[PDB]
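S.K.:
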Amino acid sequence: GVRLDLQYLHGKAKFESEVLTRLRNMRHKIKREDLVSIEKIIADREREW
Amino acid sequence: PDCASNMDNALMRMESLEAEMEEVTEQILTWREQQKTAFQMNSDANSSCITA
Amino acid sequence: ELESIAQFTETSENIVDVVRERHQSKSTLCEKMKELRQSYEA
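Line by line, the protein sequences are chains F, E and G. Under the deposited numbering, residues 333 to 381 are what the first sequence spells out, in order. Under the deposited numbering, residues 159 to 210 are what the second sequence spells out, in order. Under the deposited numbering, residues 291 to 316, 325 to 340 are what the third sequence spells out, in order.
1) Would you mind giving the Cβ-Cβ distance between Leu175 (chain E) and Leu327 (chain G), rounded to the nearest angstrom? I have them listed as a contact below 8 Å.
2) If we cut at 9 Å on Cβ distances, does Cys161 (chain E) have a partner in chain G?
3) Between the region 161-178 of chain E and the region 299-311 of chain G, are three or more C-beta pairs nearer than 8 Å?
4) For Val351 (chain F), which residues of its own chain have a beta-carbon under 7 Å away from its beta-carbon, when the five flanking residues on both sides are left out?
5) Following the continuous alpha helix (DSSP H) through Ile208 (chain E), name the residue where it begins and the one where it ends.
6) Is the beta carbon of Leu355 (chain F) closer than 9 Å to that of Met179 (chain E)?
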């Protein structure tokens, strides 16, 4: 009578949901803080040039 | 047992592909702001030379 | 039970194929991320 471990399954499902959330946080931070800092400083250099 | 063993062996390589993205993001952002300190300090340094 | 043991085998082998394509499909992610890295390490 082989057992599937429901606590391992739910544990990896939770941790992959936290990987998927970390990837979304990094990827959205890049798309609100970093790229908006970069594209502004670029355009403010070009418009003073 | 081998299904479970190979599946965890897959997820640890997906976890490893998250880890390479956030460290390479911090390498890019570290170098971005390193360069600006060198560019700033050259303006202060050359401004001082005018005094001579 | 037997529906879930079938699902466990199918899902476990699907995940072991999906992560393989993410490593081997093209350059690959695992290649281009190290090409990009070694630019900033240089």
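For each residue, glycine too, the CB sits at the ideal point set by N, CA and C.
M.R.: Looking at the coordinates:
1) Along the second sequence, read from residue 1 onward, the residue named residue 175 (chain E) stands at position 17. Along the third sequence, read from residue 1 onward, the residue named residue 327 (chain G) stands at position 29. That belief holds up - the Cβ atoms of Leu175 (chain E) and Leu327 (chain G) are roughly 7 Å apart, short of 8 Å.
2) Numbered from its first residue, the second sequence carries residue 161 (chain E) at position 3. By the rule that beta-carbons nearer than 9 Å mark a contact, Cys161 (chain E) touches chain G.
3) The region 161-178 of chain E makes contact with the region 299-311 of chain G; the number of CB pairs closer than 8 Å reaches 3 or more.
4) As a working note, residue 351 (chain F) is residue 19 in the first sequence. Nothing meets the Cβ criterion.
5) Stepping through the second sequence from its first residue, residue 208 (chain E) is reached at position 50. That residue, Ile208 (chain E), is in no alpha helix (DSSP H); it is neither H nor E in DSSP.
6) Taking the second sequence and counting its residues from 1, one reaches residue 179 (chain E) at position 21. Taking the first sequence and counting its residues from 1, one reaches residue 355 (chain F) at position 23. For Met179 (chain E) and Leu355 (chain F), yes; Cβs fall inside 9 Å.
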